[PDB]
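Report on the structure given below.
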Amino acid sequence: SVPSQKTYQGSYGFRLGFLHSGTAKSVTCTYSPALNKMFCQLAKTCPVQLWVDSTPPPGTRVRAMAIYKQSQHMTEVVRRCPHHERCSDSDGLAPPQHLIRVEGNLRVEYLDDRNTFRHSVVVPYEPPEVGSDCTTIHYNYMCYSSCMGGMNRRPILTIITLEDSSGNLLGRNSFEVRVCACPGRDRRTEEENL
Ligand SMILES: [Zn+2]
């Protein structure tokens, strides 16, 4: 039982975009084109851009879910470790077990799937401004990749799906994510291997 991670631009030409933030030590969130991999700090703003060729209709929703990248771990539900789960870092909206939160959107909705037990977070799709090319969603990852009893150094993917009001799939994309203390150094380090 594993959610699909297959790229699907769909009829609205759905793509993801990311800020070009570089690898200086001060960066809180940085994306690697070569690795298709986001490096970000704990609970910090992670901007993920939604790019479309044509505007999805009103009622369109945007969902985010994490799964383990490695096949021998893919059936295991990605959740926070007990320490962070039990931490006093609640925004009053997100369930304490959920890795992925959305910041700055009061219409955010969280799901524990009654059948697969997987966690996800969904928001209404907003079109970009007229003078803008994309819609930005501010995600927070609430556990480190290294958390013992949590992800425990196992790599994860974030899957972003576009769905209609009735939950039908409209588009899908994904990126790898590492939650760490120094995203710039870790990104630069992982890329020197190339
Ligand atoms: Zn943790």
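Summary of computed values
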quantity	calculated
Convex hull projection area averaged over all views, the chain, Cα basis, nm²	11.5
Relative pair counts by distance (%), Cα atoms of the range 1-88, 10 Å bins	12, 33, 39, 16, 1
Rule-of-thumb Rg ratio for the range 9-60 [Cα; 2.2 N^0.38 Å; N residues]	1.40
Segment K25-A181, length gained on full extension (0.36 nm per residue, minus Cα span)	55.2 nm
Pairwise label distance in nanometres, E76 with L106, each label 7 Å out on the Cα-Cβ vector	3.9
J(HN,Hα) series, the range 76-92, from Karplus relation 6.51 cos²θ - 1.76 cosθ + 1.60, nearest Hz, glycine and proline x	7, 5, 7, 9, 5, 5, x, 4, 5, 3, 7, 5, 8, 10, 6, 9, x
Value of D in µm² per second that Stokes-Einstein yields for the range 123-194, Kirkwood Rh from Cα pairs, at 4 °C (1.567 mPa s)	85
Estimated 222 nm signal from helices in the chain, with DSSP H stretches of n ≥ 4 weighted -39500 (n - 2.57), rounded to 500	-2000 deg cm²/dmol
Residues whose placed amide H lies under 5 Å from that of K69, excluding near-sequence neighbours	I156, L157
Paramagnetic reach from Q49 in the range 118-161 [backbone N under 14 Å; point 7 Å along Cα→Cβ]	128-129, 131-138
In sequence order, calculated HN-Hα J values of the range 161-177 (Karplus, 6.51, -1.76, 1.60; Hz; x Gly/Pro)	10, 9, 9, 6, 4, 8, x, 5, 5, 10, x, 8, 9, 8, 8, 7, 9
³J(HN,Hα), Karplus 6.51/-1.76/1.60, whole Hz, each residue of the range 185-192, x for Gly, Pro	5, 4, 5, 5, 4, 5, 7, 6
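Quick note: the coordinates plus some simple rules give every number you see, no bench work behind them. With ideal geometry, Cβ positions are generated from the backbone for all residues, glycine too; neighbour counts draw on all protein chains shown.
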